There are 2 protein chains.
Amino acid sequence: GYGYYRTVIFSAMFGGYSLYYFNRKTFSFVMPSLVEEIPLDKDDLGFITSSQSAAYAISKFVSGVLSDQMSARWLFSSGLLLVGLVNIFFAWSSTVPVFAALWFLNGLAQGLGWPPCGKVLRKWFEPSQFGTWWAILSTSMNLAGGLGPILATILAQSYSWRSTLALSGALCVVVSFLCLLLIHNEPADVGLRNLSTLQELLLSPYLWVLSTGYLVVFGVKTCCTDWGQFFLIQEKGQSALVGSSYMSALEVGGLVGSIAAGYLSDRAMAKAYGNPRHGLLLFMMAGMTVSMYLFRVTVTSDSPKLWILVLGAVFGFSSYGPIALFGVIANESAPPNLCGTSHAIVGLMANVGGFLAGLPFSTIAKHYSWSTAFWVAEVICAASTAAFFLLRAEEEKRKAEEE
Amino acid sequence: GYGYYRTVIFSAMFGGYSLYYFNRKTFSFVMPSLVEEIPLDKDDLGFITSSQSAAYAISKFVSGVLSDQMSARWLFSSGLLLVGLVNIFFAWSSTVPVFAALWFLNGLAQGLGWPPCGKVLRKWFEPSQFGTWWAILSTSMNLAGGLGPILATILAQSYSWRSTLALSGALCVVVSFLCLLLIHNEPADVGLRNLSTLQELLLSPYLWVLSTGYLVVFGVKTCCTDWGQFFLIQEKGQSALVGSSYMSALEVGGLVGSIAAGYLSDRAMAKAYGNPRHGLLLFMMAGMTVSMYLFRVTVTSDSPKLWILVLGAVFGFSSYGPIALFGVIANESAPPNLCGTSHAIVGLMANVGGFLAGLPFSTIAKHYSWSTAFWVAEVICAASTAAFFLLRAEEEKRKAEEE
Ligand SMILES: O=P(O)(O)OC[C@H]1O[C@H](O)[C@H](O)[C@@H](O)[C@@H]1O
Ligand SMILES: O=P(O)(O)OC[C@H]1O[C@H](O)[C@H](O)[C@@H](O)[C@@H]1O
């Protein structure tokens, strides 16, 4: 049947991208035994993670451009095979520049992971279900991040870290051959019914307004995810338990935000005036701005724990939600032969927004105050969200004037 | 006549791009009076320069893509006008995040500067003269860098730094209107005789082998320019006067290398088997590898000053030379409507090679030794240069087999 290929290919991509994120952060989960066996400076550890971040930032865009042309099955399986062979070679090595070079190749293959999954989810799933299964597939990132330290502590108690990364690399090689076997690109490959130029995509204004939206939303996400603890410890005087539980509540609210963004977006798509994924997306950006206002103004030193966890969960539900919806709309607004380029340009905007949110936000916070910095982030987000409400109201006016 | 428009438009672009590089580094030349008037931390200064570097790295590629479509006169003049207005607004301001935001906009407009000059040099100059005037136009970068601290010290002795940057911004606004007036795009605009798709450019293998060549050459240039002083002070025990005079000799040899690369390349073009710019380019990469071998092995603690200045000048003649020739060939191998995209992809390779040469080279140097790091750079350069000799020998074999 059709549902058989549906659930088998989604389970194969779920296991595959789960092992991708489990090996995107394996050095981070195996850090204690690694610094116990050989001493590594903190600058070297930040350097290895930064080299993976740079390789992953390049390979987002390069893998989108290659996933438009090359078939997604072989690309996904070759990336996961390079992940497995890189982690086995990482277990063979015992020195810092070889750690960095191999982990750079891991960052390249981790970039190579996701755009094949995006292409296969576009080909197999009609847009009545594409957003919610996009959400459940990106939930494997949270699943690997949640079973990271638990399985890492179990495998470090039961095995050495050399054998731990050898088992992770061997598991990813075996699952890469199983994902070469089980995944199919399109239904026309299996006998089922299968369901523009690049200059037209680059000159399309919808892609660039989605670009600016994802820049704003990922900048606000990176600002709060990196600096909410510093905004609560230093200026507002909350305790470190409150800041850590705030960040955990923001992660849980963000998981629920991705899931409910995908599901309510597919409910709005099946129930229906333009794109049906905008009425949820702009409501979530409005919830982002309202949660930032309530977090900047109403939280004080005497504010209770329940209210600040509520604001963490409301910001999580309203920040990872628009990131998942921007991923869905970027994979959806483009033609099926140019979808990976659209999602790759949105990943380039992730890189630009992460730069504008990481280091200059700390400078604005250090020179003026932390409240002035989150006021700048709130003003940029509120001006952007009000601009999007004005834009879609103008487009409703245009669709009324053409009648 | 034709030579009138030739020399007037080249003098206008020479003055314009000279004021571009003079305002690319104006904060660096006005640093002493600025840190005297208001205290700024070293991390803040490195942050302002890094924000300019990031904006310039983005705006290389964005300005290449826009300079293919938008006319080069208005683009060049609007970039220089934004440079002038940004430096005037920088003189109005007195705080570090506004310094960073304005200097980010300066980095954007500095990226916007050069690809219009590349398009106008391609349109006005036949390839019998295009390389040498490319070299003389990129020599205005060295001219502004050489008259930077001298004119900065004179204007700081005669004026305040607020008035210094106000005069620099006013000069760039007036010269931006003069470059709107004097520059012409093509000879068909002035009544003189004027002399493919993007997917065909991206799928062209010549552009990507030029990409890997510029990655290798700019990586070796960034390695030696950033770490030759550290390779001579620490491991080989030379003095700081010898290291500083080595770096000055490398800059002078690189200036002569850009000039003689452009001139000997246009001599080889007018005297003529494929591209005539390869017989100079690969000889300069071979001279780069030979100079690195002689600098790694023959330089010792007892090596004289004259020999190490000779190796600095030979490496300079053989490193900025291939960078200028890669710029010429990137502006030349593409069609005239897609030349800025080709030079923009080569600028993206500048960014990638600068990343692979800046921070991991210090890690390879710190963990193993400095000699092992420059041995890695020499082995990558020698393997790349031998690969290019094998590739052009294979292409000579192909042009013999087609006969
Ligand atoms: O591991 P990270 O740096 O958080 O990036 C993870 C993200 O990378 C890309 O943008 C993918 O489209 C996302 O599905 C994924 O969640
Ligand atoms: O100022 P820099 O960082 O040294 O960059 C300067 C260089 O930028 C671009 O690559 C231009 O094509 C070059 O002509 C110019 O020399």
# chains A, B, ... in the order shown; residues from 1 in each chain; ligands from 1
>>> interface_residues(of="chain A", to="chain B", cutoff="8 Å", atoms="only C-alpha atoms", output="JSON, numbers by chain")
{"A": [44, 96, 97, 100, 198, 199, 360, 363, 364, 367]}
>>> residues_near_ligand(ligand="ligand 1", cutoff="7 Å", atoms="only C-alpha atoms and all ligand atoms", output="PyMOL selection string")
chain A and resi 60+114+138+141+327+347
>>> write_last_selection(atoms="C-alpha atoms", output="mmCIF file, in the first residue's frame")
data_model
loop_
_atom_site.group_PDB
_atom_site.id
_atom_site.type_symbol
_atom_site.label_atom_id
_atom_site.label_comp_id
_atom_site.auth_asym_id
_atom_site.auth_seq_id
_atom_site.Cartn_x
_atom_site.Cartn_y
_atom_site.Cartn_z
ATOM 1 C CA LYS A 60 23.588 23.375 5.304
ATOM 2 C CA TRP A 114 18.783 16.976 6.792
ATOM 3 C CA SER A 138 12.712 17.320 13.695
ATOM 4 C CA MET A 141 16.815 16.028 17.256
ATOM 5 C CA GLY A 327 11.249 25.286 7.711
ATOM 6 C CA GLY A 347 19.718 28.020 6.867
#
>>> select_by_dssp(residues="region 133-370 of chain B", states="helix (DSSP H, G or I)", output="PyMOL selection string")
chain B and resi 133-146+148-158+161-182+187-189+198-202+205-235+240-271+278-297+305-317+320-332+339-367+370
>>> residues_around(residues="region 260-274 of chain A", least_positions_apart="5", cutoff="7 Å", atoms="only C-alpha atoms", output="MDAnalysis selection string")
chainID A and resid 128:129 131:132 134:135 280 321 325
>>> calpha_fit_and_write(fixed="chain A", moving="chain B", output="short mmCIF file (atom, residue, chain, number, x, y, z; two decimals) with C-alpha atoms, in the first residue's frame")
data_model
loop_
_atom_site.label_atom_id
_atom_site.label_comp_id
_atom_site.auth_asym_id
_atom_site.auth_seq_id
_atom_site.Cartn_x
_atom_site.Cartn_y
_atom_site.Cartn_z
CA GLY B 1 0.00 0.00 0.00
CA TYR B 2 0.91 3.68 0.17
CA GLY B 3 0.85 3.87 3.96
CA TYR B 4 3.38 1.04 4.16
CA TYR B 5 6.03 2.99 2.23
CA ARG B 6 4.92 6.08 4.18
CA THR B 7 5.60 4.67 7.64
CA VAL B 8 8.66 2.60 6.65
CA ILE B 9 10.43 5.54 5.01
CA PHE B 10 9.49 7.85 7.88
CA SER B 11 10.78 5.35 10.46
CA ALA B 12 14.00 4.99 8.47
CA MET B 13 14.47 8.77 8.31
CA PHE B 14 13.54 9.08 12.00
CA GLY B 15 16.19 6.56 13.02
CA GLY B 16 18.67 8.05 10.57
CA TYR B 17 18.33 11.68 11.60
CA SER B 18 18.22 10.57 15.25
CA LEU B 19 21.63 8.96 14.76
CA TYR B 20 22.70 12.11 12.93
CA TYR B 21 21.96 14.32 15.92
CA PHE B 22 23.36 11.68 18.26
CA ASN B 23 26.64 11.94 16.38
CA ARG B 24 26.43 15.69 15.92
CA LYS B 25 27.00 16.00 19.67
CA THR B 26 28.85 12.75 20.57
CA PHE B 27 32.02 14.64 21.50
CA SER B 28 29.88 16.81 23.77
CA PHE B 29 28.40 13.74 25.46
CA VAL B 30 31.74 11.91 25.77
CA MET B 31 33.65 15.03 27.01
CA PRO B 32 34.22 13.83 30.67
CA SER B 33 35.99 10.55 29.89
CA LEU B 34 37.84 12.22 27.02
CA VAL B 35 39.25 15.01 29.19
CA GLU B 36 39.98 12.42 31.86
CA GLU B 37 42.02 10.23 29.50
CA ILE B 38 43.82 13.07 27.69
CA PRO B 39 43.97 16.72 28.88
CA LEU B 40 42.38 19.25 26.52
CA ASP B 41 42.21 23.00 27.07
CA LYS B 42 38.84 24.77 27.12
CA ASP B 43 39.87 26.76 24.04
CA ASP B 44 40.54 23.46 22.24
CA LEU B 45 37.09 22.11 23.15
CA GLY B 46 35.41 25.32 22.03
CA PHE B 47 37.56 25.11 18.91
CA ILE B 48 36.39 21.57 18.07
CA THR B 49 32.75 22.56 18.61
CA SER B 50 33.29 25.77 16.59
CA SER B 51 34.86 23.81 13.73
CA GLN B 52 31.83 21.53 13.69
CA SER B 53 29.58 24.60 13.77
CA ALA B 54 31.42 26.17 10.83
CA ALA B 55 31.37 22.95 8.79
CA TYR B 56 27.69 22.46 9.56
CA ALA B 57 26.96 26.08 8.60
CA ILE B 58 28.69 25.59 5.24
CA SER B 59 27.15 22.18 4.65
CA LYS B 60 23.59 23.38 5.30
CA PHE B 61 23.72 25.49 2.15
CA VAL B 62 25.95 23.10 0.18
CA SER B 63 23.73 20.14 1.08
CA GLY B 64 20.58 22.02 0.09
CA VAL B 65 22.05 22.86 -3.32
CA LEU B 66 23.26 19.27 -3.78
CA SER B 67 20.02 17.73 -2.47
CA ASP B 68 18.07 19.52 -5.17
CA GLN B 69 20.15 17.72 -7.82
CA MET B 70 21.47 14.49 -6.31
CA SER B 71 19.00 11.82 -5.21
CA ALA B 72 18.08 12.04 -1.55
CA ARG B 73 18.47 8.36 -0.66
CA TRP B 74 22.13 8.08 -1.68
CA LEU B 75 22.87 11.52 -0.25
CA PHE B 76 21.32 10.74 3.15
CA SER B 77 22.98 7.33 3.32
CA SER B 78 26.39 8.61 2.19
CA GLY B 79 26.24 11.38 4.78
CA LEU B 80 25.36 8.93 7.55
CA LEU B 81 28.10 6.58 6.33
CA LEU B 82 30.62 9.43 6.49
CA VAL B 83 29.31 10.19 10.00
CA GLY B 84 29.95 6.59 11.04
CA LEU B 85 33.39 6.35 9.43
CA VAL B 86 34.37 9.73 10.87
CA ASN B 87 33.38 8.66 14.39
CA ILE B 88 35.26 5.37 14.03
CA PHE B 89 38.32 7.33 12.83
CA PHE B 90 37.76 9.69 15.77
CA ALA B 91 37.91 6.67 18.06
CA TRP B 92 41.16 5.63 16.38
CA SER B 93 42.80 9.00 17.01
CA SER B 94 44.25 10.48 20.20
CA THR B 95 45.25 14.09 19.44
CA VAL B 96 43.61 17.49 19.07
CA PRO B 97 44.22 18.57 15.40
CA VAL B 98 43.12 15.16 14.13
CA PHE B 99 40.09 15.47 16.44
CA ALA B 100 39.39 18.83 14.82
CA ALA B 101 39.83 17.67 11.22
CA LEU B 102 37.70 14.56 11.69
CA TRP B 103 35.08 16.55 13.57
CA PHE B 104 35.09 19.07 10.72
CA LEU B 105 34.30 16.22 8.33
CA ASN B 106 31.57 15.22 10.79
CA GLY B 107 30.18 18.75 10.59
CA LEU B 108 30.11 18.47 6.80
CA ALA B 109 28.21 15.18 6.90
CA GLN B 110 25.85 16.50 9.59
CA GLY B 111 25.00 19.28 7.19
CA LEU B 112 24.52 16.61 4.54
CA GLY B 113 21.95 14.85 6.74
CA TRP B 114 18.78 16.98 6.79
CA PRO B 115 17.98 18.32 3.22
CA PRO B 116 17.54 14.75 1.88
CA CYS B 117 14.98 14.23 4.65
CA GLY B 118 13.32 17.47 3.60
CA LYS B 119 13.12 16.35 -0.03
CA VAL B 120 11.77 12.90 0.88
CA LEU B 121 9.16 14.38 3.24
CA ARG B 122 8.07 16.74 0.47
CA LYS B 123 7.79 13.94 -2.10
CA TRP B 124 5.98 11.40 0.07
CA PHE B 125 3.68 13.59 2.17
CA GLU B 126 0.91 15.78 0.84
CA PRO B 127 0.69 19.19 2.60
CA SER B 128 -2.29 17.95 4.65
CA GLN B 129 0.29 15.96 6.66
CA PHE B 130 3.65 17.49 5.72
CA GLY B 131 3.94 19.96 8.60
CA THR B 132 3.19 17.52 11.40
CA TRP B 133 5.58 14.89 10.09
CA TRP B 134 8.20 17.59 9.56
CA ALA B 135 7.68 18.35 13.25
CA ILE B 136 7.89 14.69 14.32
CA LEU B 137 11.04 14.23 12.22
CA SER B 138 12.71 17.32 13.70
CA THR B 139 11.63 15.98 17.10
CA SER B 140 14.28 13.25 16.64
CA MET B 141 16.81 16.03 17.26
CA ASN B 142 15.24 16.57 20.68
CA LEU B 143 15.06 12.79 21.17
CA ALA B 144 18.77 12.34 20.54
CA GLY B 145 19.54 15.37 22.72
CA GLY B 146 17.42 13.91 25.50
CA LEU B 147 18.87 10.40 25.28
CA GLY B 148 22.38 11.79 24.76
CA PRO B 149 23.70 12.07 28.32
CA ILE B 150 21.70 9.06 29.56
CA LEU B 151 23.01 6.60 26.96
CA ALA B 152 26.41 8.30 27.17
CA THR B 153 26.61 7.70 30.93
CA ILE B 154 25.44 4.09 30.48
CA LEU B 155 27.97 3.39 27.71
CA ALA B 156 30.73 5.11 29.69
CA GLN B 157 29.90 2.98 32.73
CA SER B 158 29.82 -0.20 30.63
CA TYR B 159 32.52 0.54 28.02
CA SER B 160 35.48 2.81 27.37
CA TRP B 161 35.03 5.92 25.26
CA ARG B 162 37.04 4.44 22.38
CA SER B 163 34.64 1.49 22.28
CA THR B 164 31.69 3.86 22.80
CA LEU B 165 32.49 5.88 19.70
CA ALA B 166 33.38 2.70 17.82
CA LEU B 167 29.92 1.32 18.62
CA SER B 168 28.30 4.62 17.61
CA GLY B 169 30.19 4.63 14.31
CA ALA B 170 29.42 0.97 13.63
CA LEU B 171 25.75 1.58 14.44
CA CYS B 172 25.68 4.52 12.03
CA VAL B 173 27.37 2.47 9.28
CA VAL B 174 24.82 -0.36 9.68
CA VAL B 175 21.92 2.10 9.81
CA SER B 176 23.36 3.91 6.77
CA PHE B 177 23.18 0.66 4.80
CA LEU B 178 19.67 0.08 6.16
CA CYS B 179 18.68 3.61 5.09
CA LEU B 180 20.10 2.96 1.65
CA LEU B 181 17.92 -0.16 1.61
CA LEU B 182 14.64 1.12 3.09
CA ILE B 183 14.26 4.75 1.98
CA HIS B 184 12.67 5.53 -1.38
CA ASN B 185 12.81 8.96 -3.00
CA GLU B 186 9.41 9.31 -4.69
CA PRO B 187 6.36 7.05 -5.12
CA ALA B 188 7.13 6.75 -8.85
CA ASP B 189 10.15 4.67 -7.82
CA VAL B 190 7.91 2.08 -6.14
CA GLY B 191 5.07 2.02 -8.67
CA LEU B 192 2.77 4.25 -6.62
CA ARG B 193 1.15 7.46 -7.84
CA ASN B 194 3.57 10.36 -7.54
CA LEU B 195 1.92 13.51 -6.21
CA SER B 196 10.90 26.73 -12.45
CA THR B 197 14.42 28.16 -12.58
CA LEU B 198 16.76 29.19 -9.77
CA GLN B 199 16.68 32.84 -10.86
CA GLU B 200 12.90 32.82 -10.41
CA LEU B 201 13.43 31.46 -6.90
CA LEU B 202 16.08 34.03 -5.96
CA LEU B 203 14.04 36.88 -7.45
CA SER B 204 10.91 35.70 -5.62
CA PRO B 205 10.01 38.17 -2.84
CA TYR B 206 8.25 35.54 -0.72
CA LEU B 207 11.54 33.72 -0.16
CA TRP B 208 13.28 36.89 0.96
CA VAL B 209 10.48 38.03 3.26
CA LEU B 210 10.64 34.51 4.71
CA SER B 211 14.41 35.03 4.93
CA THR B 212 14.01 38.20 7.00
CA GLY B 213 11.36 36.50 9.14
CA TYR B 214 13.60 33.55 9.91
CA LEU B 215 16.49 35.93 10.62
CA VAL B 216 14.35 37.79 13.17
CA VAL B 217 12.87 34.66 14.76
CA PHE B 218 16.13 32.71 14.94
CA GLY B 219 17.90 35.80 16.28
CA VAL B 220 15.33 36.15 19.07
CA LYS B 221 15.55 32.40 19.76
CA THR B 222 19.35 32.52 19.93
CA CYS B 223 19.24 35.65 22.14
CA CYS B 224 16.88 34.14 24.70
CA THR B 225 18.35 30.62 24.58
CA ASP B 226 21.89 31.92 25.10
CA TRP B 227 21.19 34.84 27.43
CA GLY B 228 18.03 34.19 29.45
CA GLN B 229 20.09 32.63 32.23
CA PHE B 230 22.39 35.66 32.19
CA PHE B 231 19.36 37.97 32.18
CA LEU B 232 17.90 36.21 35.23
CA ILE B 233 21.05 35.70 37.32
CA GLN B 234 22.60 39.11 36.89
CA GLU B 235 20.00 41.84 36.53
CA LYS B 236 16.82 40.37 38.01
CA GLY B 237 18.56 38.41 40.76
CA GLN B 238 16.94 35.01 40.33
CA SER B 239 18.84 31.92 41.44
CA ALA B 240 20.76 29.41 39.31
CA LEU B 241 18.17 26.71 39.95
CA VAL B 242 15.52 29.11 38.63
CA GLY B 243 17.62 29.89 35.55
CA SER B 244 18.35 26.23 34.81
CA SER B 245 14.70 25.25 35.29
CA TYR B 246 13.77 28.23 33.10
CA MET B 247 15.97 26.93 30.30
CA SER B 248 14.59 23.40 30.69
CA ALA B 249 11.05 24.83 30.60
CA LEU B 250 11.96 26.78 27.46
CA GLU B 251 13.23 23.57 25.84
CA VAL B 252 10.07 21.63 26.81
CA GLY B 253 7.86 24.48 25.63
CA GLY B 254 9.84 24.57 22.40
CA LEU B 255 9.34 20.85 21.83
CA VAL B 256 5.60 21.30 22.35
CA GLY B 257 5.81 24.38 20.12
CA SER B 258 7.34 22.47 17.21
CA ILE B 259 4.84 19.60 17.59
CA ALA B 260 1.76 21.81 17.93
CA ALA B 261 3.02 24.15 15.20
CA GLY B 262 3.23 21.25 12.76
CA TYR B 263 -0.08 19.75 13.85
CA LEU B 264 -2.12 22.97 14.02
CA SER B 265 -0.56 24.07 10.74
CA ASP B 266 -1.69 20.88 9.04
CA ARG B 267 -5.11 21.30 10.65
CA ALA B 268 -5.28 24.81 9.16
CA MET B 269 -4.08 23.40 5.83
CA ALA B 270 -6.69 20.64 5.70
CA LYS B 271 -9.44 23.00 6.89
CA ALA B 272 -8.65 25.37 4.01
CA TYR B 273 -6.98 33.29 1.19
CA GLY B 274 -3.28 32.85 0.56
CA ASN B 275 -1.06 30.50 2.54
CA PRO B 276 -2.92 28.71 5.38
CA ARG B 277 0.32 28.43 7.39
CA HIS B 278 0.45 32.18 8.09
CA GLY B 279 -2.43 32.45 10.56
CA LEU B 280 -0.58 30.20 13.00
CA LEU B 281 2.89 31.58 12.24
CA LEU B 282 2.07 35.22 12.90
CA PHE B 283 0.07 34.32 16.00
CA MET B 284 3.16 32.52 17.26
CA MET B 285 5.38 35.51 16.51
CA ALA B 286 2.86 37.68 18.38
CA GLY B 287 3.04 35.22 21.28
CA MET B 288 6.84 35.49 21.09
CA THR B 289 6.68 39.28 21.40
CA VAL B 290 4.10 39.15 24.22
CA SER B 291 6.18 36.57 26.10
CA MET B 292 9.30 38.73 25.72
CA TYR B 293 7.40 41.78 27.02
CA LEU B 294 6.10 39.83 30.02
CA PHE B 295 9.57 38.38 30.63
CA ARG B 296 11.32 41.75 30.46
CA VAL B 297 8.83 43.83 32.45
CA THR B 298 6.79 41.62 34.78
CA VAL B 299 9.58 39.30 36.02
CA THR B 300 11.24 40.85 39.09
CA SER B 301 13.29 39.51 42.02
CA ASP B 302 10.04 38.69 43.86
CA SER B 303 8.38 37.03 40.86
CA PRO B 304 7.35 33.44 41.66
CA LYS B 305 8.79 30.32 40.08
CA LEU B 306 5.51 29.29 38.42
CA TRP B 307 5.16 32.56 36.49
CA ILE B 308 8.69 32.46 35.13
CA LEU B 309 8.29 28.82 34.08
CA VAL B 310 5.02 29.82 32.38
CA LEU B 311 6.87 32.56 30.49
CA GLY B 312 9.59 30.08 29.55
CA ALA B 313 7.02 27.63 28.19
CA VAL B 314 5.07 30.37 26.38
CA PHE B 315 8.25 31.63 24.76
CA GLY B 316 9.22 28.07 23.84
CA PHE B 317 5.80 27.38 22.30
CA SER B 318 6.14 30.65 20.37
CA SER B 319 9.77 30.44 19.22
CA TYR B 320 10.57 26.91 18.06
CA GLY B 321 7.10 26.91 16.51
CA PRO B 322 7.91 29.68 14.01
CA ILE B 323 11.27 28.03 13.29
CA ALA B 324 9.51 24.78 12.38
CA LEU B 325 6.93 26.69 10.34
CA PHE B 326 9.63 28.63 8.50
CA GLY B 327 11.25 25.29 7.71
CA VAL B 328 7.92 23.91 6.44
CA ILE B 329 7.14 27.01 4.37
CA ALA B 330 10.70 27.11 3.00
CA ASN B 331 10.43 23.48 1.94
CA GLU B 332 6.89 24.12 0.67
CA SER B 333 6.86 27.47 -1.19
CA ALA B 334 9.54 26.32 -3.64
CA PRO B 335 9.09 23.90 -6.56
CA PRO B 336 10.02 20.27 -5.77
CA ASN B 337 13.29 20.52 -7.73
CA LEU B 338 14.33 23.73 -5.93
CA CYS B 339 13.09 23.12 -2.38
CA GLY B 340 16.49 22.33 -0.91
CA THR B 341 17.87 25.64 -2.16
CA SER B 342 15.02 27.48 -0.41
CA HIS B 343 15.62 25.66 2.88
CA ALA B 344 19.36 26.23 2.37
CA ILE B 345 18.87 30.00 2.03
CA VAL B 346 16.80 29.87 5.22
CA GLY B 347 19.72 28.02 6.87
CA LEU B 348 22.03 30.79 5.67
CA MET B 349 19.68 33.17 7.48
CA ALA B 350 20.03 30.96 10.56
CA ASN B 351 23.78 31.58 10.36
CA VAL B 352 23.36 35.35 9.90
CA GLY B 353 20.83 35.63 12.74
CA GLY B 354 23.03 33.53 14.99
CA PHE B 355 25.90 35.92 14.35
CA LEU B 356 23.74 39.00 15.01
CA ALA B 357 22.36 37.37 18.17
CA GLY B 358 25.47 35.85 19.67
CA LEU B 359 28.24 38.44 20.00
CA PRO B 360 26.70 41.95 19.45
CA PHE B 361 23.88 41.16 21.87
CA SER B 362 26.47 40.59 24.60
CA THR B 363 28.03 43.95 23.71
CA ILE B 364 24.68 45.80 23.88
CA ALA B 365 24.05 44.01 27.17
CA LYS B 366 27.46 44.79 28.64
CA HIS B 367 27.64 48.48 27.75
CA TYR B 368 24.08 49.59 28.42
CA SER B 369 22.32 46.93 30.57
CA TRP B 370 20.77 43.51 30.05
CA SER B 371 17.27 45.03 30.01
CA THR B 372 18.29 47.42 27.23
CA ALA B 373 19.57 44.46 25.19
CA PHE B 374 16.37 42.43 25.54
CA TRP B 375 14.45 45.64 24.84
CA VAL B 376 16.38 45.93 21.55
CA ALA B 377 15.56 42.29 20.74
CA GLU B 378 11.90 42.85 21.66
CA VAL B 379 11.70 46.03 19.56
CA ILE B 380 13.23 44.28 16.53
CA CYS B 381 10.85 41.34 16.96
CA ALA B 382 7.80 43.58 17.50
CA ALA B 383 8.62 45.79 14.52
CA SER B 384 9.14 42.68 12.38
CA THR B 385 5.90 41.02 13.56
CA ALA B 386 3.89 44.22 13.05
CA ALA B 387 5.48 44.44 9.60
CA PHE B 388 4.28 40.92 8.79
CA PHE B 389 0.75 41.69 9.98
CA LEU B 390 0.79 44.77 7.74
CA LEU B 391 2.13 42.70 4.82
CA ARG B 392 -0.46 39.94 5.02
CA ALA B 393 -3.23 42.50 5.58
CA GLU B 394 -1.99 44.26 2.43
CA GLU B 395 -2.02 40.95 0.56
CA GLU B 396 -5.59 40.29 1.72
CA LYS B 397 -6.37 43.76 0.34
CA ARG B 398 -4.71 42.79 -2.96
CA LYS B 399 -6.69 39.55 -3.17
CA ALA B 400 -9.82 41.60 -2.50
CA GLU B 401 -8.93 44.18 -5.17
CA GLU B 402 -8.29 41.55 -7.85
CA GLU B 403 -11.91 40.39 -7.40
#
>>> decode(residues="region 151-160 of chain B", atoms="N, CA, C and O atoms", output="mmCIF file, in the first residue's frame")
data_model
loop_
_atom_site.group_PDB
_atom_site.id
_atom_site.type_symbol
_atom_site.label_atom_id
_atom_site.label_comp_id
_atom_site.auth_asym_id
_atom_site.auth_seq_id
_atom_site.Cartn_x
_atom_site.Cartn_y
_atom_site.Cartn_z
ATOM 1 N N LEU B 151 48.608 60.016 6.768
ATOM 2 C CA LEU B 151 47.540 61.011 6.742
ATOM 3 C C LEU B 151 46.722 60.994 8.023
ATOM 4 O O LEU B 151 46.202 62.037 8.429
ATOM 5 N N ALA B 152 46.631 59.842 8.690
ATOM 6 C CA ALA B 152 45.928 59.779 9.965
ATOM 7 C C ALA B 152 46.674 60.545 11.047
ATOM 8 O O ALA B 152 46.055 61.267 11.833
ATOM 9 N N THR B 153 48.004 60.428 11.082
ATOM 10 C CA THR B 153 48.791 61.164 12.064
ATOM 11 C C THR B 153 48.780 62.660 11.764
ATOM 12 O O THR B 153 48.696 63.479 12.689
ATOM 13 N N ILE B 154 48.800 63.031 10.479
ATOM 14 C CA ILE B 154 48.728 64.446 10.114
ATOM 15 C C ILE B 154 47.366 65.040 10.476
ATOM 16 O O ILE B 154 47.287 66.127 11.065
ATOM 17 N N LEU B 155 46.276 64.327 10.175
ATOM 18 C CA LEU B 155 44.948 64.840 10.494
ATOM 19 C C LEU B 155 44.649 64.781 11.988
ATOM 20 O O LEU B 155 43.815 65.552 12.476
ATOM 21 N N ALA B 156 45.302 63.887 12.730
ATOM 22 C CA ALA B 156 45.143 63.893 14.178
ATOM 23 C C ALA B 156 45.961 65.000 14.825
ATOM 24 O O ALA B 156 45.570 65.522 15.874
ATOM 25 N N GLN B 157 47.094 65.366 14.223
ATOM 26 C CA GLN B 157 47.858 66.497 14.727
ATOM 27 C C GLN B 157 47.172 67.817 14.404
ATOM 28 O O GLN B 157 47.240 68.763 15.198
ATOM 29 N N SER B 158 46.489 67.893 13.263
ATOM 30 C CA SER B 158 45.864 69.140 12.838
ATOM 31 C C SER B 158 44.406 69.261 13.264
ATOM 32 O O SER B 158 43.928 70.380 13.482
ATOM 33 N N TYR B 159 43.682 68.149 13.381
ATOM 34 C CA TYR B 159 42.276 68.188 13.752
ATOM 35 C C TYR B 159 41.998 67.149 14.829
ATOM 36 O O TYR B 159 42.844 66.315 15.159
ATOM 37 N N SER B 160 40.787 67.213 15.376
ATOM 38 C CA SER B 160 40.281 66.177 16.258
ATOM 39 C C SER B 160 39.816 64.982 15.435
ATOM 40 O O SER B 160 39.714 65.042 14.210
#
